[PDB]
Amino acid sequence: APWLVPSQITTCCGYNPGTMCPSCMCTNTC
Ligand SMILES: *[C@H]1O[C@H](CO[C@H]2O[C@H](CO)[C@@H](O[C@@H]3O[C@@H](CO)[C@@H](O)[C@@H](O)[C@@H]3O)[C@H](O)[C@H]2NC(C)=O)[C@H](O)[C@H](O[C@@H]2O[C@H](CO)[C@H](O)[C@H](O)[C@H]2O[C@@H]2O[C@@H](CO)[C@@H](O)[C@@H](O)[C@@H]2O)[C@H]1NC(C)=O
Numbered sequence: 001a002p003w004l005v006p007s008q009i010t011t012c013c014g015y016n017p018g019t020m021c022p023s024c025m026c027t028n029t030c
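Using the deposited numbering, you'd call the opening residue of the sequence shown number 1 and step up by one each time.
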């Protein structure tokens, strides 16, 4: 089943593609 993946968008730390999060909130690296 073909999934429509997002574009060059970031996920919120690996969550849904509609949610975005910076690295500082994901791996605390900032
Ligand atoms: C963005 O791209 C998503 C899939 O992208 C992958 O493939 C493309 C090209 O094959 C890669 O590069 C993308 O395209 C190039 C040139 O066209 C550049 O613009 C890059 O910046 C761009 O990222 C891309 O990197 C690949 N991704 C990965 C992870 O490898 C989708 O096609 C996305 O489309 C949206 O998807 C969501 C759910 O995933 C919904 O289905 C949206 O409805 C859908 O787009 C909607 O329609 C669009 C055109 O009709 C547009 O109006 C959009 O705003 C709507 O939300 C796609 N999104 C956009 C904005 O292009």
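We treat Cβ as the ideally placed atom computed from N, Cα and C, and that holds for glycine.
Other residues of its chain near residue i: CB distance less than 7 Å, five sequence neighbours each side excluded
i: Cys-12; result: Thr-19, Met-20, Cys-21
Ligand 1 heavy atom lying under 6 Å from the CB of residue i
i: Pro-2; result: no
i: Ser-23; result: no
Euclidean distance between Cα positions of residue i and residue j
i: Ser-23; j: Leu-4; result: 24 Å
i: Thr-29; j: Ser-7; result: 23 Å
Same chain, Cβ closer than 6 Å to residue i, five either side skipped, listed in chain order
i: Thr-10; result: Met-20
i: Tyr-15; result: none
8 Å CB neighbourhood of residue i in its chain, flanking five on each side removed
i: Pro-17; result: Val-5, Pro-6, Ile-9, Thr-11
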